[PDB]
Amino acid sequence: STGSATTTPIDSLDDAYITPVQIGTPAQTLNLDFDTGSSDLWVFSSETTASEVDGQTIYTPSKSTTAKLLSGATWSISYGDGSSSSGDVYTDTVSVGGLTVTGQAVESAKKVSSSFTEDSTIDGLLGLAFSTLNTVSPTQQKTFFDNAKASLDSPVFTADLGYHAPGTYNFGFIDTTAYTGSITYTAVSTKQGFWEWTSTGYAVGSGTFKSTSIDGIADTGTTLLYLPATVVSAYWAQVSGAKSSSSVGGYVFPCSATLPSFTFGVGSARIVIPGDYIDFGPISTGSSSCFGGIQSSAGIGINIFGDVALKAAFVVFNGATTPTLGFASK
């Protein structure tokens, strides 16, 4: 089997991407944030505290003839940005782009943090990291990909995120028309539960490539590119007027700037992030100070190849017995 679904930016800045997912019988379609940095499929629901729902589409398990309460199971997750959610668990039929899993754990939110409430466009998350990170207790549950994998034509999914445009998540096949050149594969460590890999270095604009190992995670659920302070300082030094602002919470730059590109290494290959991808717009409405898309990972404890990096590539998440990651230009 295979599946193919379009993923759409939630706003004009590509702050996140949502992908329609069918849950239950008859189908209830929710727009979920596909997150290769986490491993829970959770949704706003009929059980979510009423005051914490503001415009989201909810899953109502009582209206699904295939929903079953997973007795005694609860979940609770806290993300790196400080957001959180928790609740109980159903199993139900879940389909993405024509690919169907029966008996998928659907984690129904009883509580969500304010940041989720305040964003009407995201109805929940669909985790695509390794199932070892799944928070369901007392019986850990598998991701949608983990459940689908044996049925897939090939044990892979691909992320093809658009810049200011829709893109695609495919399951079970590699669309050879969706990238240019060849796909370069690189080793993955699953020891922290992430798609963790080591970049071979970077360049800023037209500058020379610096060969240096940068361990980090391929994370579709993080908006920006978080890298070591040395690397980030080297990038922003090429932008007149750019500075790190403790009050704003990162590097900002004059909105009048034309940003340089940023290149990262994948083995001997190179992925170029155009300068425009690094502009996240005014820090507040009407401001001429703009927020940068490359930020320091110092204090996070891990480097994160988020959407800013991934959207510059066609990315293969290879879930073979020894997982790997592939990157191609596009």
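The deposited coordinates derive from X-ray crystallography, with the record listing a resolution of 1.400 Å.

Between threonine 25 and the following residue, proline 26, the backbone shows a cis peptide bond with an omega angle of -5°. Within the secondary structure layout, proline 26 lies in the loop between strand 2 (17–23) and strand 3 (28–35). For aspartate 14, which is not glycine, the phi torsion reads 60° and is therefore positive. Structurally, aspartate 14 can be placed in the loop between strand 1 (3–9) and strand 2. With a phi angle near 55°, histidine 164 is a residue other than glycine that sits in the positive phi range. Examined against the element boundaries, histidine 164 turns out to sit in the loop between strand 9 (156–160) and strand 10 (167–171). The class of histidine 164 is partly exposed, set by a relative accessible area of 41%.

Of the pairings in the sheet, the one linking strand 19 (residues 279–282) to strand 20 (residues 289–292) comprises two bridges and is antiparallel in character. Within the sheet, the bridge partner assigned to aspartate 279 lies in strand 20 and is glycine 292. Here strand 19 hands over to strand 20 after six residues, with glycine 286 in that stretch at a positive phi of 85°.

Moving on to the side chain of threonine 48. Structurally, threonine 48 is set in the loop between strand 4 (41–43) and strand 5 (68–78). You can call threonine 48 buried: its relative accessible area is 7%. Within polar-contact distance, the side chain of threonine 48 engages the backbone nitrogen of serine 45 at 2.9 Å. In this view, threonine 48 contacts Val43, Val53, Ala109, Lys110 and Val112; residues no more than four positions away in its chain are not counted.

Summed over the entire model, instances satisfying the criterion amount to 26 aromatic pairs. An angle of 40° between the planes, with centres 5.8 Å apart, marks the rings of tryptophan 42 and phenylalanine 44 as tilted. Take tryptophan 42: its relative accessible area is 0%, and that puts it in the buried class. Aromatic ring contacts, followed pair by pair, group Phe34, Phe130, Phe144, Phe145, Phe157, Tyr169, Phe171, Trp195 and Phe317 into a single cluster. The ring of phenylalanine 209 is capped by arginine 270, whose NZ or CZ atom sits 3.7 Å from the centre of that ring.

We now examine helix 3 (residues 229–236). Along helix 3, the residues that are buried comprise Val231, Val232, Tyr235 and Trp236. The buried residues of helix 3 occupy an angular sector of 125° when projected down its axis, which confines them to one face.

What follows is about the domain arrangement of the protein. Domain annotation for the protein reports domain 1 (5–174) and domain 2 (175–330). Between the C-alpha centres of domain 1 and domain 2 there is a distance of 25 Å. The interface is formed by 30 residues belonging to domain 1 together with 33 residues belonging to domain 2. Breaking the side of domain 1 that touches domain 2 down by element, the ones donating at least two residues are strand 3, strand 9 and strand 10. If you tally residues by element for the side of domain 1 that touches domain 2, the top one is strand 9, at five residues.

Procedures and definitions
- Residues numbered from 1 in each chain as written, not as in the entry; some residues may be left out.
- Heavy atoms only, no water.
- Residues with missing side-chain atoms left out of burial classes, pairs and counts.
- Helix = DSSP H or I, 4+ residues; strand = E, 2+ residues; numbered from the N terminus.
- Buried < 20%, exposed > 50% of the residue type's maximum accessible area, 1.4 Å probe, protein only.
- Pairing = 2+ DSSP bridges.
- Polar contact = N/O pair within 3.5 Å; in protein donor to acceptor, adjacent residues only side chain to side chain.
- Contact = heavy atoms within 4.5 Å.
- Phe/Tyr/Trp six-rings, centres within 6.5 Å; stacked < 30°, edge-to-face > 60°.
- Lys NZ or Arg CZ within 6 Å of the ring centre and 35° of its normal.
- Arc of directions from axis to C-beta.
- Domains from an automatic or database assignment.

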